[PDB]
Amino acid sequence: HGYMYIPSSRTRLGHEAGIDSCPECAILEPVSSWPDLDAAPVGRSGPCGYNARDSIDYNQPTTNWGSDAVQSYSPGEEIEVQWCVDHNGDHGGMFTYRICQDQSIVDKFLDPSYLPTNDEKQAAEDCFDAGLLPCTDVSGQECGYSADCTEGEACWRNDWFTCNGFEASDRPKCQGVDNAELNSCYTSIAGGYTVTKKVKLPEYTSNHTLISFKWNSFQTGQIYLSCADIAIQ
């Protein structure tokens, strides 16, 4: 149970605008989330997520999200990205942020009068996967491997970020990465914990594009997707 928090995702704005009772509830399931991180089709969730609870498709803008960039950054700029995991839904696993560098695909997700098809959502996923923002692109950022994976397996990569293991120190799972206080960010079910990293933005410019957050659960056959509207100029 989780969603992207910084920069403010469509999921965050959705909650803050009164529309989304459970921002953390945008789940893709059932899927094989593990150990092949990119195998599972995104179906209806797409790169921005679909919230079954409130029946919100975030892949399309409304009056409350997706109208314009929430934040503007510079090409190649190193930025803070944060997601929020629920106290009762810390599934461990691995997460990544991506930018699709094909504007004609992303445009289909910036029009309030158009809902992208399942075909377009998958095309975008594929584009986003080409535009993954590796942990290791930020100099000085320590990029560990998953305690729930072994060398050679499809999950054994450190372009993606990893949560801590379950049986780990006294900093387990995704909460353990920041080891922040409860309610360091908002979730509706049991209160939230921040999970904070850095990414380096591409030398790719847009007045309006997306960062798509993807969390592949270890504990569960579930994926969590959010997107944030940004500019790189």
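For every residue, the number given is its place in the sequence shown, counted from 1. Between two forms, the rigid core is the largest collection of C-alphas that superpose within 1.5 Å.
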| Core-aligned Cα RMS comparison in 7 other deposited structures of this protein - stretch that moves more, 195 to 203 or 164 to 172 | 164 to 172
| query | According to the deposited model, is the average Cα temperature factor higher in 177 to 185 or in 34 to 42? | reply | 177 to 185
| query | Going by the B-factors listed in the PDB entry, is the mean over the C-alpha atoms higher for 110 to 118 or for 86 to 94? | reply | 110 to 118
| said: Comparing recorded Cα B-factors across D129, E153, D148, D159, which one is largest? | reply: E153
| Taking the Cα B-factors listed in the entry, which of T209, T11, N216, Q219 comes out highest? | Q219
| Which third of the chain holds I99 when residues are ordered by C-alpha B factor: lowest, middle or highest? | lowest
| query | Once the chain's modelled residues are ordered by C-alpha B factor and cut into thirds, is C163 in the lowest, middle or highest one? | reply | middle
| field | CA B-factor ranking of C135, expressed as a third of its chain | value | lowest
| Where does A69 sit by CA temperature factor within its chain: lowest, middle or highest third? | highest
| Lowest, middle or highest third - CA B-factor, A190 | middle
